[PDB]
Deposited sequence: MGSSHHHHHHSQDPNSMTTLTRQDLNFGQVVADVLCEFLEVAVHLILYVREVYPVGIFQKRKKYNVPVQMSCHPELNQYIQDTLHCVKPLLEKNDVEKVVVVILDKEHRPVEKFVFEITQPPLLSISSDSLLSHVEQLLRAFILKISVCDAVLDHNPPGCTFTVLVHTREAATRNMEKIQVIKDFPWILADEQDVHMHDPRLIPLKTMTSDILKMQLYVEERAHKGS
């Protein structure tokens, strides 16, 4: 009935979210970001071509997992210079089966919470990149186009030793239950 359209909407949201998460957590210098209107609020999006392509490729590979409801979580993992996870924005996604301004509005909520989440988060070390983790089951065809293969996440990235938990937002509609929450280390 709906389904494709949910994934479409969801995938685009995650794109916009990942950019904004990189801007507010200062993973790349603020100078690469330009202001864009998105869900009718001010957001920040990278102008750096290769970064933009990295993000697009990641999410275009996630899309088929979303499209047939195989994504348990999409985690933006922030990593320090030594490639150790300092911070994780976990988007945890369910699409239960079963029984449009409302979706925009509930997505806008997550965007807004990200914008101001600097007010509730311990500011990160210098020298940071990120990666994306996707919790799923056992896309091997968009990996092969793209030249953007995926590989099992290392145990150092999945486990965070004794993490602090900072929820930002929850939505619970009929179509979609999503909780966004951060994990920090001590």
{"property": "Stretches with no C-alpha atoms in the model, relative to the deposited sequence starting at 1", "result": "1-25, 125-131, 171-175, 224-227"}
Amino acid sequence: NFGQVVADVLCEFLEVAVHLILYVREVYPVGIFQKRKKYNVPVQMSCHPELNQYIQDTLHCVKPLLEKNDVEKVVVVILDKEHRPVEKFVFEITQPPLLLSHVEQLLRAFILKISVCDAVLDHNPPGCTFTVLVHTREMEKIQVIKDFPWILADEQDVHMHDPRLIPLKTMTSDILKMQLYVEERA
From here on, numbers count along this sequence of modelled residues.
query	finding
Mean C-alpha B-factor comparison - 75-83 and 108-116, higher one	75-83
Mean C-alpha temperature factor, higher of 51-59 and 148-156	148-156
Among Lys68, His135, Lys141, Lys38 - the residue whose C-alpha B-factor is largest in the record	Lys141
CA B-factor placement of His19, once the chain's modelled residues are sorted into thirds	lowest
B-factor third for the C-alpha atom of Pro64 within its chain	lowest
Chain third (lowest, middle, highest) by recorded CA B-factor, residue given as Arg25	lowest
Entry-reported Cα temperature factor of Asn124, expressed as the chain third it lands in	highest
Third of chain Cα B-factors occupied by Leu176	middle
